[PDB]
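Engineer: Input structure: query_24.cif, which contains mmCIF, C-alpha atoms and all ligand atoms.
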data_target
loop_
_atom_site.group_PDB
_atom_site.id
_atom_site.type_symbol
_atom_site.label_atom_id
_atom_site.label_comp_id
_atom_site.auth_asym_id
_atom_site.auth_seq_id
_atom_site.Cartn_x
_atom_site.Cartn_y
_atom_site.Cartn_z
ATOM 1 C CA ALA A 1 55.643 102.913 -8.599
ATOM 2 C CA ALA A 2 57.300 103.642 -5.273
ATOM 3 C CA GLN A 3 57.562 101.619 -2.094
ATOM 4 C CA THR A 4 58.345 103.942 0.822
ATOM 5 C CA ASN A 5 60.367 102.727 3.825
ATOM 6 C CA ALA A 6 61.571 99.764 1.777
ATOM 7 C CA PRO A 7 64.262 97.318 2.980
ATOM 8 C CA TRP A 8 67.598 98.977 2.222
ATOM 9 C CA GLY A 9 68.504 96.427 -0.480
ATOM 10 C CA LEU A 10 65.442 97.170 -2.602
ATOM 11 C CA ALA A 11 66.080 100.903 -2.292
ATOM 12 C CA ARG A 12 69.737 100.384 -3.232
ATOM 13 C CA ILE A 13 68.979 98.628 -6.514
ATOM 14 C CA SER A 14 66.783 101.540 -7.656
ATOM 15 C CA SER A 15 69.307 104.277 -6.751
ATOM 16 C CA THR A 16 72.687 105.491 -7.981
ATOM 17 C CA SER A 17 73.729 106.172 -4.383
ATOM 18 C CA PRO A 18 73.523 104.471 -0.978
ATOM 19 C CA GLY A 19 71.369 105.708 1.893
ATOM 20 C CA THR A 20 67.938 106.091 0.299
ATOM 21 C CA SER A 21 64.777 104.426 1.613
ATOM 22 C CA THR A 22 62.396 104.305 -1.347
ATOM 23 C CA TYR A 23 62.251 101.458 -3.876
ATOM 24 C CA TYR A 24 61.294 102.792 -7.313
ATOM 25 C CA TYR A 25 60.070 100.278 -9.885
ATOM 26 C CA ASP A 26 57.851 99.836 -12.922
ATOM 27 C CA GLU A 27 54.311 98.667 -12.105
ATOM 28 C CA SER A 28 54.663 95.616 -14.402
ATOM 29 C CA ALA A 29 56.780 94.196 -11.550
ATOM 30 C CA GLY A 30 57.847 90.952 -13.222
ATOM 31 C CA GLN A 31 54.325 89.853 -14.164
ATOM 32 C CA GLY A 32 54.409 86.990 -16.678
ATOM 33 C CA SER A 33 57.912 85.840 -15.674
ATOM 34 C CA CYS A 34 58.714 82.787 -13.542
ATOM 35 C CA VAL A 35 61.434 82.237 -10.974
ATOM 36 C CA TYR A 36 62.472 78.820 -9.684
ATOM 37 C CA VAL A 37 63.929 78.967 -6.178
ATOM 38 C CA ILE A 38 66.125 75.909 -5.768
ATOM 39 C CA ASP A 39 66.614 75.673 -2.035
ATOM 40 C CA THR A 40 65.063 74.327 1.223
ATOM 41 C CA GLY A 41 61.556 74.912 -0.117
ATOM 42 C CA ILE A 42 59.056 77.774 0.123
ATOM 43 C CA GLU A 43 56.343 78.359 2.693
ATOM 44 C CA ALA A 44 53.826 78.999 -0.096
ATOM 45 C CA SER A 45 51.030 79.846 2.343
ATOM 46 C CA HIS A 46 52.853 82.947 3.622
ATOM 47 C CA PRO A 47 50.528 85.963 3.086
ATOM 48 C CA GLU A 48 53.409 87.890 1.491
ATOM 49 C CA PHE A 49 53.372 85.617 -1.587
ATOM 50 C CA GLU A 50 49.692 86.386 -2.267
ATOM 51 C CA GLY A 51 49.073 82.981 -3.823
ATOM 52 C CA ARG A 52 51.884 83.447 -6.386
ATOM 53 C CA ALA A 53 54.158 80.758 -4.918
ATOM 54 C CA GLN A 54 53.957 76.986 -5.186
ATOM 55 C CA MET A 55 56.125 73.956 -4.519
ATOM 56 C CA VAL A 56 56.626 71.892 -7.652
ATOM 57 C CA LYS A 57 59.217 69.320 -6.572
ATOM 58 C CA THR A 58 60.864 67.887 -3.455
ATOM 59 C CA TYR A 59 63.653 65.354 -3.010
ATOM 60 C CA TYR A 60 62.813 64.649 0.628
ATOM 61 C CA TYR A 61 59.861 63.290 2.619
ATOM 62 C CA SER A 62 58.000 66.601 2.564
ATOM 63 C CA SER A 63 57.810 69.653 0.397
ATOM 64 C CA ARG A 64 57.677 71.988 3.401
ATOM 65 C CA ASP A 65 60.404 74.429 4.188
ATOM 66 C CA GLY A 66 61.368 73.332 7.680
ATOM 67 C CA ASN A 67 64.420 75.583 7.643
ATOM 68 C CA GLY A 68 63.482 79.092 6.531
ATOM 69 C CA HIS A 69 66.361 79.769 4.108
ATOM 70 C CA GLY A 70 64.344 79.026 0.946
ATOM 71 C CA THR A 71 61.399 81.101 2.115
ATOM 72 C CA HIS A 72 63.730 84.038 2.814
ATOM 73 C CA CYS A 73 65.302 83.881 -0.648
ATOM 74 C CA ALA A 74 61.934 83.500 -2.354
ATOM 75 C CA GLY A 75 60.724 86.559 -0.426
ATOM 76 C CA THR A 76 63.557 88.683 -1.788
ATOM 77 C CA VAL A 77 62.726 87.526 -5.329
ATOM 78 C CA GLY A 78 59.009 88.169 -5.211
ATOM 79 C CA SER A 79 57.174 88.764 -1.942
ATOM 80 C CA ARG A 80 54.888 91.798 -1.809
ATOM 81 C CA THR A 81 56.845 93.786 0.803
ATOM 82 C CA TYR A 82 60.357 92.357 0.540
ATOM 83 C CA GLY A 83 60.627 91.364 -3.108
ATOM 84 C CA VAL A 84 62.252 92.857 -6.190
ATOM 85 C CA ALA A 85 59.705 91.504 -8.679
ATOM 86 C CA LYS A 86 56.444 91.802 -6.803
ATOM 87 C CA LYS A 87 54.199 90.156 -9.403
ATOM 88 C CA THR A 88 56.389 87.266 -10.551
ATOM 89 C CA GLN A 89 55.387 83.609 -10.214
ATOM 90 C CA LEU A 90 57.497 81.576 -7.769
ATOM 91 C CA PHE A 91 58.255 77.850 -8.064
ATOM 92 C CA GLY A 92 59.923 75.966 -5.231
ATOM 93 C CA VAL A 93 62.264 73.022 -5.744
ATOM 94 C CA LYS A 94 63.453 71.465 -2.476
ATOM 95 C CA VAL A 95 66.959 70.098 -3.008
ATOM 96 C CA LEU A 96 68.219 71.021 0.472
ATOM 97 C CA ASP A 97 67.047 69.331 3.659
ATOM 98 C CA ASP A 98 65.691 71.188 6.692
ATOM 99 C CA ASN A 99 69.211 71.588 8.050
ATOM 100 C CA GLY A 100 70.155 73.418 4.864
ATOM 101 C CA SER A 101 72.248 70.545 3.529
ATOM 102 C CA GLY A 102 72.125 68.477 0.360
ATOM 103 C CA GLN A 103 74.148 66.057 -1.756
ATOM 104 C CA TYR A 104 75.505 67.251 -5.076
ATOM 105 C CA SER A 105 73.629 64.454 -6.874
ATOM 106 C CA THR A 106 70.336 65.868 -5.575
ATOM 107 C CA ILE A 107 71.271 69.442 -6.437
ATOM 108 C CA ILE A 108 72.140 68.354 -9.987
ATOM 109 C CA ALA A 109 68.823 66.501 -10.296
ATOM 110 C CA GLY A 110 67.003 69.653 -9.202
ATOM 111 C CA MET A 111 68.691 71.700 -11.930
ATOM 112 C CA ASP A 112 67.901 69.135 -14.656
ATOM 113 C CA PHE A 113 64.342 69.052 -13.337
ATOM 114 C CA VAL A 114 63.883 72.805 -13.832
ATOM 115 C CA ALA A 115 65.252 72.658 -17.384
ATOM 116 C CA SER A 116 62.489 70.179 -18.244
ATOM 117 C CA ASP A 117 59.673 71.442 -16.029
ATOM 118 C CA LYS A 118 59.750 74.965 -17.505
ATOM 119 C CA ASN A 119 58.381 73.491 -20.744
ATOM 120 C CA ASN A 120 55.164 72.658 -18.842
ATOM 121 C CA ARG A 121 54.599 76.190 -17.453
ATOM 122 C CA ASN A 122 53.096 79.420 -18.762
ATOM 123 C CA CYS A 123 55.961 81.905 -18.391
ATOM 124 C CA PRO A 124 55.569 84.157 -21.448
ATOM 125 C CA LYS A 125 58.151 86.731 -20.305
ATOM 126 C CA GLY A 126 60.755 84.106 -19.417
ATOM 127 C CA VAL A 127 62.278 81.902 -16.736
ATOM 128 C CA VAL A 128 64.867 82.499 -13.994
ATOM 129 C CA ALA A 129 66.470 80.088 -11.526
ATOM 130 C CA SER A 130 67.941 81.312 -8.240
ATOM 131 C CA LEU A 131 70.564 79.126 -6.539
ATOM 132 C CA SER A 132 71.621 80.348 -3.117
ATOM 133 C CA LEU A 133 73.788 77.330 -2.411
ATOM 134 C CA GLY A 134 77.199 75.889 -3.109
ATOM 135 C CA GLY A 135 80.161 73.905 -1.879
ATOM 136 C CA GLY A 136 83.620 72.902 -3.033
ATOM 137 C CA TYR A 137 84.517 72.725 -6.705
ATOM 138 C CA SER A 138 82.747 70.052 -8.741
ATOM 139 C CA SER A 139 82.854 69.860 -12.514
ATOM 140 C CA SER A 140 79.561 67.909 -12.490
ATOM 141 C CA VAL A 141 77.762 70.628 -10.558
ATOM 142 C CA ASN A 142 79.183 73.290 -12.871
ATOM 143 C CA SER A 143 78.057 71.246 -15.847
ATOM 144 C CA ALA A 144 74.498 71.013 -14.500
ATOM 145 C CA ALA A 145 74.393 74.788 -14.042
ATOM 146 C CA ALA A 146 75.689 75.309 -17.584
ATOM 147 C CA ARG A 147 73.001 72.955 -18.932
ATOM 148 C CA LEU A 148 70.267 74.838 -17.109
ATOM 149 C CA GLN A 149 71.512 78.150 -18.529
ATOM 150 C CA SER A 150 71.821 76.591 -22.007
ATOM 151 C CA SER A 151 68.216 75.352 -21.905
ATOM 152 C CA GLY A 152 67.036 78.976 -21.804
ATOM 153 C CA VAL A 153 66.874 79.770 -18.100
ATOM 154 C CA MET A 154 68.578 82.768 -16.524
ATOM 155 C CA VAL A 155 70.703 81.136 -13.815
ATOM 156 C CA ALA A 156 71.856 83.212 -10.843
ATOM 157 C CA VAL A 157 74.126 81.589 -8.221
ATOM 158 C CA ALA A 158 75.706 82.730 -4.937
ATOM 159 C CA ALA A 159 79.449 83.436 -4.982
ATOM 160 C CA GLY A 160 79.792 81.896 -1.513
ATOM 161 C CA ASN A 161 80.664 83.153 1.962
ATOM 162 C CA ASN A 162 84.315 82.195 2.533
ATOM 163 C CA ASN A 163 85.998 85.565 1.880
ATOM 164 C CA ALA A 164 87.949 83.697 -0.809
ATOM 165 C CA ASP A 165 88.288 83.336 -4.565
ATOM 166 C CA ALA A 166 85.043 81.853 -5.913
ATOM 167 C CA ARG A 167 87.037 79.797 -8.440
ATOM 168 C CA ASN A 168 87.213 76.992 -5.868
ATOM 169 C CA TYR A 169 83.463 76.726 -5.330
ATOM 170 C CA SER A 170 80.512 75.344 -7.308
ATOM 171 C CA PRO A 171 78.324 76.232 -9.028
ATOM 172 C CA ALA A 172 79.849 79.720 -8.399
ATOM 173 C CA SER A 173 82.850 78.987 -10.623
ATOM 174 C CA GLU A 174 80.815 78.077 -13.716
ATOM 175 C CA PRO A 175 81.530 80.993 -16.082
ATOM 176 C CA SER A 176 78.332 80.764 -18.145
ATOM 177 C CA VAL A 177 75.939 81.546 -15.275
ATOM 178 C CA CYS A 178 75.534 84.749 -13.260
ATOM 179 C CA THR A 179 77.685 84.626 -10.141
ATOM 180 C CA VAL A 180 76.638 87.075 -7.433
ATOM 181 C CA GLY A 181 78.691 88.685 -4.654
ATOM 182 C CA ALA A 182 77.326 90.510 -1.590
ATOM 183 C CA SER A 183 77.563 94.137 -0.447
ATOM 184 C CA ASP A 184 76.366 96.042 2.623
ATOM 185 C CA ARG A 185 74.334 99.187 3.129
ATOM 186 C CA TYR A 186 77.435 101.395 3.104
ATOM 187 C CA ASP A 187 78.534 100.067 -0.313
ATOM 188 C CA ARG A 188 81.304 97.879 1.086
ATOM 189 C CA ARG A 189 81.896 94.336 -0.108
ATOM 190 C CA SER A 190 80.282 92.163 2.587
ATOM 191 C CA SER A 191 83.098 90.927 4.831
ATOM 192 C CA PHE A 192 82.176 87.295 4.104
ATOM 193 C CA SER A 193 81.627 87.636 0.363
ATOM 194 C CA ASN A 194 83.724 85.600 -2.031
ATOM 195 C CA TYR A 195 85.392 87.505 -4.859
ATOM 196 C CA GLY A 196 87.466 86.829 -7.951
ATOM 197 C CA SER A 197 87.372 87.155 -11.724
ATOM 198 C CA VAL A 198 84.441 84.756 -12.064
ATOM 199 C CA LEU A 199 82.086 87.166 -10.256
ATOM 200 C CA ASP A 200 79.660 88.948 -12.603
ATOM 201 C CA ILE A 201 77.828 91.308 -10.303
ATOM 202 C CA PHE A 202 77.197 92.364 -6.687
ATOM 203 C CA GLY A 203 73.853 92.705 -4.929
ATOM 204 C CA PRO A 204 72.753 93.630 -1.387
ATOM 205 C CA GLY A 205 73.665 90.793 0.991
ATOM 206 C CA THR A 206 74.203 92.077 4.534
ATOM 207 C CA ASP A 207 71.233 92.452 6.908
ATOM 208 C CA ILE A 208 68.478 91.615 4.438
ATOM 209 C CA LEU A 209 64.895 91.589 5.739
ATOM 210 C CA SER A 210 62.581 89.062 4.131
ATOM 211 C CA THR A 211 59.947 86.386 4.741
ATOM 212 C CA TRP A 212 60.516 83.483 7.133
ATOM 213 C CA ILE A 213 58.629 80.308 8.025
ATOM 214 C CA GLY A 214 55.703 80.404 10.446
ATOM 215 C CA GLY A 215 54.405 83.438 8.557
ATOM 216 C CA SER A 216 57.168 85.596 10.004
ATOM 217 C CA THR A 217 60.054 87.799 8.895
ATOM 218 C CA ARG A 218 63.711 88.097 9.803
ATOM 219 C CA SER A 219 66.962 89.685 8.719
ATOM 220 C CA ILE A 220 69.941 87.531 7.751
ATOM 221 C CA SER A 221 73.206 87.954 5.808
ATOM 222 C CA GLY A 222 74.944 86.072 2.984
ATOM 223 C CA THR A 223 75.648 85.840 -0.734
ATOM 224 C CA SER A 224 72.491 83.713 -0.446
ATOM 225 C CA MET A 225 70.639 86.988 0.072
ATOM 226 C CA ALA A 226 72.316 88.851 -2.762
ATOM 227 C CA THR A 227 71.521 86.198 -5.380
ATOM 228 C CA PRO A 228 67.692 86.573 -5.301
ATOM 229 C CA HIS A 229 68.056 90.358 -5.683
ATOM 230 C CA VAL A 230 69.727 89.663 -9.036
ATOM 231 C CA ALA A 231 67.307 86.848 -9.940
ATOM 232 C CA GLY A 232 64.365 89.121 -9.180
ATOM 233 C CA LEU A 233 65.933 91.987 -11.135
ATOM 234 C CA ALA A 234 66.375 89.686 -14.147
ATOM 235 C CA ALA A 235 62.708 88.635 -14.030
ATOM 236 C CA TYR A 236 61.789 92.302 -13.780
ATOM 237 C CA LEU A 237 63.913 93.310 -16.780
ATOM 238 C CA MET A 238 62.738 90.349 -18.861
ATOM 239 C CA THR A 239 59.086 91.345 -18.291
ATOM 240 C CA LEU A 240 59.927 94.877 -19.484
ATOM 241 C CA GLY A 241 61.484 93.351 -22.605
ATOM 242 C CA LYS A 242 64.899 94.897 -21.984
ATOM 243 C CA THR A 243 66.776 91.595 -22.153
ATOM 244 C CA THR A 244 66.436 87.808 -22.525
ATOM 245 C CA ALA A 245 67.440 84.832 -20.395
ATOM 246 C CA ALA A 246 70.589 84.334 -22.469
ATOM 247 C CA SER A 247 71.898 87.861 -22.032
ATOM 248 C CA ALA A 248 70.348 89.130 -18.784
ATOM 249 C CA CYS A 249 73.537 88.745 -16.730
ATOM 250 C CA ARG A 250 75.500 90.716 -19.336
ATOM 251 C CA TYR A 251 72.764 93.364 -19.527
ATOM 252 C CA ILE A 252 72.685 93.691 -15.729
ATOM 253 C CA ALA A 253 76.483 94.177 -15.673
ATOM 254 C CA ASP A 254 76.292 96.676 -18.568
ATOM 255 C CA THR A 255 73.700 98.824 -16.789
ATOM 256 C CA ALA A 256 75.044 98.408 -13.238
ATOM 257 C CA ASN A 257 76.310 101.115 -10.921
ATOM 258 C CA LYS A 258 80.057 101.101 -11.580
ATOM 259 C CA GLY A 259 82.829 101.889 -9.112
ATOM 260 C CA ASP A 260 80.509 102.469 -6.121
ATOM 261 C CA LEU A 261 81.795 99.608 -3.952
ATOM 262 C CA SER A 262 84.773 99.636 -1.593
ATOM 263 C CA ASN A 263 87.015 96.750 -0.462
ATOM 264 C CA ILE A 264 86.936 95.126 -3.903
ATOM 265 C CA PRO A 265 90.174 93.193 -4.637
ATOM 266 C CA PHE A 266 91.995 94.020 -7.880
ATOM 267 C CA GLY A 267 90.614 91.800 -10.639
ATOM 268 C CA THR A 268 87.094 91.615 -9.237
ATOM 269 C CA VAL A 269 84.356 93.631 -10.973
ATOM 270 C CA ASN A 270 83.091 96.757 -9.220
ATOM 271 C CA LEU A 271 79.492 96.478 -10.374
ATOM 272 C CA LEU A 272 76.314 96.749 -8.309
ATOM 273 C CA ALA A 273 72.899 95.643 -9.590
ATOM 274 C CA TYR A 274 70.736 98.617 -10.631
ATOM 275 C CA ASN A 275 67.300 98.777 -12.292
ATOM 276 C CA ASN A 276 67.770 102.150 -14.042
ATOM 277 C CA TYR A 277 64.207 103.168 -13.302
ATOM 278 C CA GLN A 278 63.034 106.631 -14.360
ATOM 279 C CA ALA A 279 59.470 107.847 -13.806
HETATM 280 CA CA CA A 301 77.018 105.932 -7.468
HETATM 281 CA CA CA A 302 79.450 84.511 -15.493
#
Reformat the file's structure so that it appears as structure tokens.

Structural biologist:
Amino acid sequence: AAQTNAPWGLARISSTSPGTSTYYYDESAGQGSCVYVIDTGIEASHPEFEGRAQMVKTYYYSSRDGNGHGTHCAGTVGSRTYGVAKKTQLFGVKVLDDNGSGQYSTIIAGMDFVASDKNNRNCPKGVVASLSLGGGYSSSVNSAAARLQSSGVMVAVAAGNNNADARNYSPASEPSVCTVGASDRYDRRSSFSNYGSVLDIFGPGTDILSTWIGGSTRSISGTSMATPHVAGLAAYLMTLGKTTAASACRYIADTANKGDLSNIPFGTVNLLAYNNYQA
């Protein structure tokens, strides 16, 4: 299948070179997989989700996304126009408030919730969790992320936006999950993107168009935007049977575009998410 005039990020992950505008993907499009978006919530009623999104848990007074951030990330995972895996099922877990903030205890609870809740869902092709959040180092947060991964969920987390080594941030610094840096449309490391040896992979993160609350769209930038590209790609590859939750991060790195990015510090991987599609 081919989506013409796609957002640049979608086009980039189906090409060996920058500057193309078509997103090429297999029609299966992540059908039968499930992705938990652990964030500010999801505006499930947005037409772009086509009924494939639902809120399953909130830690605040409402389950509504009053911020927009969660809806944007979910859109990059699996909206019709802006998503990587256009037929995946989306589950929202609201651990962040409408200002985009949350306590580590609540974030941990949200991760343990997903590890349990997945056992109650029909996700025959597998389960992914996308975490576009983080803060300073915390061994308890890292431990929660490791548990979620261990339970059989492909965990993707943002590297963070401090232009620093991700080793000092959580859950970014947990080695067992898939830590995602950001790049821009000219194959440069995004100027804000964290780096370091703990990074596994880069995805598009600068100027990413996706869904927003109030049934709208907007373009924003962050490692928050790169993470759902990788989460969506994992769901997509798991549906095709190419990999499993336990090894998807490794498989994505193995099959990535190598050496394409500029402004990568020595010791950081030069690997850009790529779906290897051939018609
Ligand atoms: Ca290339
Ligand atoms: Ca890792």

Engineer: Any idea what's packed within 8 Å of region 183-197 of chain A, counting only C-alpha atoms, ignoring anything in its chain fewer than 3 positions away? Could you give it as number ranges by chain?

Structural biologist: A: 8-9, 12, 18-19, 159-167, 200, 202-207, 222-223, 226, 260-265, 267-269

Engineer: If you take only C-alpha atoms and all ligand atoms and a cut-off of 8 Å, which residues of chain A touch ligand CA 302 (chain A), and what are their nearest atom pairs and distances in Å to one decimal, in chain and number order, as a Markdown table?

Structural biologist:
| residue | atom | partner | partner_atom | distance |
| --- | --- | --- | --- | --- |
| A:174 | CA | A:CA302 | CA | 6.8 |
| A:175 | CA | A:CA302 | CA | 4.1 |
| A:176 | CA | A:CA302 | CA | 4.7 |
| A:177 | CA | A:CA302 | CA | 4.6 |
| A:178 | CA | A:CA302 | CA | 4.5 |
| A:179 | CA | A:CA302 | CA | 5.6 |
| A:198 | CA | A:CA302 | CA | 6.1 |
| A:199 | CA | A:CA302 | CA | 6.4 |
| A:200 | CA | A:CA302 | CA | 5.3 |
| A:249 | CA | A:CA302 | CA | 7.4 |

Engineer: To verify the selection step, state as a VMD selection string which residues the PyMOL selection byres (((chain A and resi 75-82) around 9) and not hetatm) yields on this input.

Structural biologist: chain A and resid 3 6 to 7 10 30 35 37 42 47 to 50 52 to 53 70 to 74 83 to 90 130 208 to 212 225 to 233 235

Engineer: Show me which residues sit within 6 Å of ligand CA 301 (chain A) when counting all atoms listed in the file, and put them as an mmCIF file with C-alpha atoms, keeping the file's coordinate frame.

Structural biologist:
data_model
loop_
_atom_site.group_PDB
_atom_site.id
_atom_site.type_symbol
_atom_site.label_atom_id
_atom_site.label_comp_id
_atom_site.auth_asym_id
_atom_site.auth_seq_id
_atom_site.Cartn_x
_atom_site.Cartn_y
_atom_site.Cartn_z
ATOM 1 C CA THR A 16 72.687 105.491 -7.981
ATOM 2 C CA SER A 17 73.729 106.172 -4.383
ATOM 3 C CA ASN A 257 76.310 101.115 -10.921
ATOM 4 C CA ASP A 260 80.509 102.469 -6.121
#

Engineer: Name the residues in contact with region 119-129 of chain A at a cut-off of 9 Å, using all atoms listed in the file, excluding same-chain residues fewer than 2 positions from it; report them as an MDAnalysis selection string.

Structural biologist: chainID A and resid 30:38 89 111 114:117 131 148:149 152:157 231:232 234:235 238:241 244:245

Engineer: Could you please determine the separation between CA of residue 201 (chain A) and CA of residue 182 (chain A) in Å, to one decimal place?

Structural biologist: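 These atoms are spaced 8.8 Å apart.
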
Engineer: Rank A:99, A:14, A:221, A:138 by their smallest atom-to-atom distance to residue 40 (chain A), using all atoms listed in the file, and report the top residue only.

Structural biologist: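 Under the stated criterion, the closest residue is A:99.
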
Engineer: I need the residue set behind the PyMOL selection byres (((chain A and resi 67) around 8) and not hetatm) for this file; please write it as a list in words.

Structural biologist: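 For this structure, the PyMOL selection byres (((chain A and resi 67) around 8) and not hetatm) captures residues 40, 65, 66, 68, 69, 70, 97, 98, 99, 100 and 213 of chain A.
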
Engineer: What does the distance from CA of residue 110 (chain A) to CA of residue 46 (chain A) come to in Å, to one decimal?

Structural biologist: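 For CA of residue 110 (chain A) relative to CA of residue 46 (chain A), the distance reads 23.3 Å.
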
Engineer: Using all atoms listed in the file, determine which residues lie at most 9 Å from residue 96 (chain A), disregarding the query and same-chain residues fewer than 3 positions distant; provide the list as a VMD selection string.

Structural biologist: chain A and resid 38 to 41 58 to 60 70 93 99 to 103 106 to 107 133

Engineer: Residues picked by the PyMOL selection byres (((chain A and resi 2) around 7) and not hetatm) here, as JSON, numbers by chain?

Structural biologist: {"A": [1, 3, 4, 22, 23, 24, 25]}

Engineer: Between A:56, A:139, A:215, A:13, which is the closest to residue 255 (chain A) once you count all atoms listed in the file?

Structural biologist: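 Comparing A:56, A:139, A:215, A:13 against residue 255 (chain A), the winner is A:13.
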
Engineer: Can you put N, CA and C atoms back into region 72-91 of chain A and show it as a PDB file, keeping the file's coordinate frame?

Structural biologist:
ATOM      1  N   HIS A  72      63.082  82.726   2.778  1.00  0.00           N
ATOM      2  CA  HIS A  72      63.730  84.038   2.814  1.00  0.00           C
ATOM      3  C   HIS A  72      64.140  84.462   1.414  1.00  0.00           C
ATOM      4  N   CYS A  73      64.825  83.568   0.698  1.00  0.00           N
ATOM      5  CA  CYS A  73      65.302  83.881  -0.648  1.00  0.00           C
ATOM      6  C   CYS A  73      64.144  84.148  -1.589  1.00  0.00           C
ATOM      7  N   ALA A  74      63.118  83.303  -1.519  1.00  0.00           N
ATOM      8  CA  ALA A  74      61.934  83.500  -2.354  1.00  0.00           C
ATOM      9  C   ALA A  74      61.300  84.869  -2.081  1.00  0.00           C
ATOM     10  N   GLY A  75      61.283  85.269  -0.810  1.00  0.00           N
ATOM     11  CA  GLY A  75      60.724  86.559  -0.426  1.00  0.00           C
ATOM     12  C   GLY A  75      61.449  87.729  -1.070  1.00  0.00           C
ATOM     13  N   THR A  76      62.769  87.622  -1.173  1.00  0.00           N
ATOM     14  CA  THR A  76      63.557  88.683  -1.788  1.00  0.00           C
ATOM     15  C   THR A  76      63.332  88.716  -3.308  1.00  0.00           C
ATOM     16  N   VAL A  77      63.100  87.551  -3.915  1.00  0.00           N
ATOM     17  CA  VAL A  77      62.726  87.526  -5.329  1.00  0.00           C
ATOM     18  C   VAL A  77      61.378  88.223  -5.542  1.00  0.00           C
ATOM     19  N   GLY A  78      60.354  87.821  -4.792  1.00  0.00           N
ATOM     20  CA  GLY A  78      59.009  88.169  -5.211  1.00  0.00           C
ATOM     21  C   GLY A  78      57.897  88.310  -4.193  1.00  0.00           C
ATOM     22  N   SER A  79      58.227  88.452  -2.915  1.00  0.00           N
ATOM     23  CA  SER A  79      57.174  88.764  -1.942  1.00  0.00           C
ATOM     24  C   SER A  79      56.678  90.189  -2.172  1.00  0.00           C
ATOM     25  N   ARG A  80      55.465  90.463  -1.707  1.00  0.00           N
ATOM     26  CA  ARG A  80      54.888  91.798  -1.809  1.00  0.00           C
ATOM     27  C   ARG A  80      55.764  92.895  -1.180  1.00  0.00           C
ATOM     28  N   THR A  81      56.117  92.734   0.092  1.00  0.00           N
ATOM     29  CA  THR A  81      56.845  93.786   0.803  1.00  0.00           C
ATOM     30  C   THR A  81      58.358  93.716   0.606  1.00  0.00           C
ATOM     31  N   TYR A  82      58.903  92.508   0.499  1.00  0.00           N
ATOM     32  CA  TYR A  82      60.357  92.357   0.540  1.00  0.00           C
ATOM     33  C   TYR A  82      60.979  91.989  -0.798  1.00  0.00           C
ATOM     34  N   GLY A  83      60.158  91.889  -1.837  1.00  0.00           N
ATOM     35  CA  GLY A  83      60.627  91.364  -3.108  1.00  0.00           C
ATOM     36  C   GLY A  83      60.945  92.400  -4.163  1.00  0.00           C
ATOM     37  N   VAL A  84      61.877  92.040  -5.046  1.00  0.00           N
ATOM     38  CA  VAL A  84      62.252  92.857  -6.190  1.00  0.00           C
ATOM     39  C   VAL A  84      61.164  92.865  -7.266  1.00  0.00           C
ATOM     40  N   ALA A  85      60.677  91.677  -7.605  1.00  0.00           N
ATOM     41  CA  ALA A  85      59.705  91.504  -8.679  1.00  0.00           C
ATOM     42  C   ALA A  85      58.386  91.060  -8.070  1.00  0.00           C
ATOM     43  N   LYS A  86      57.559  92.038  -7.713  1.00  0.00           N
ATOM     44  CA  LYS A  86      56.444  91.802  -6.803  1.00  0.00           C
ATOM     45  C   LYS A  86      55.261  91.069  -7.427  1.00  0.00           C
ATOM     46  N   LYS A  87      55.289  90.869  -8.743  1.00  0.00           N
ATOM     47  CA  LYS A  87      54.199  90.156  -9.403  1.00  0.00           C
ATOM     48  C   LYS A  87      54.666  88.904 -10.139  1.00  0.00           C
ATOM     49  N   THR A  88      55.903  88.470  -9.888  1.00  0.00           N
ATOM     50  CA  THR A  88      56.389  87.266 -10.551  1.00  0.00           C
ATOM     51  C   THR A  88      55.757  86.007  -9.950  1.00  0.00           C
ATOM     52  N   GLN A  89      55.853  84.904 -10.689  1.00  0.00           N
ATOM     53  CA  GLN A  89      55.387  83.609 -10.214  1.00  0.00           C
ATOM     54  C   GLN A  89      56.572  82.846  -9.628  1.00  0.00           C
ATOM     55  N   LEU A  90      56.396  82.269  -8.441  1.00  0.00           N
ATOM     56  CA  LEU A  90      57.497  81.576  -7.769  1.00  0.00           C
ATOM     57  C   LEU A  90      57.269  80.070  -7.733  1.00  0.00           C
ATOM     58  N   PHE A  91      58.295  79.308  -8.112  1.00  0.00           N
ATOM     59  CA  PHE A  91      58.255  77.850  -8.064  1.00  0.00           C
ATOM     60  C   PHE A  91      59.339  77.321  -7.142  1.00  0.00           C
TER      61      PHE A  91
END
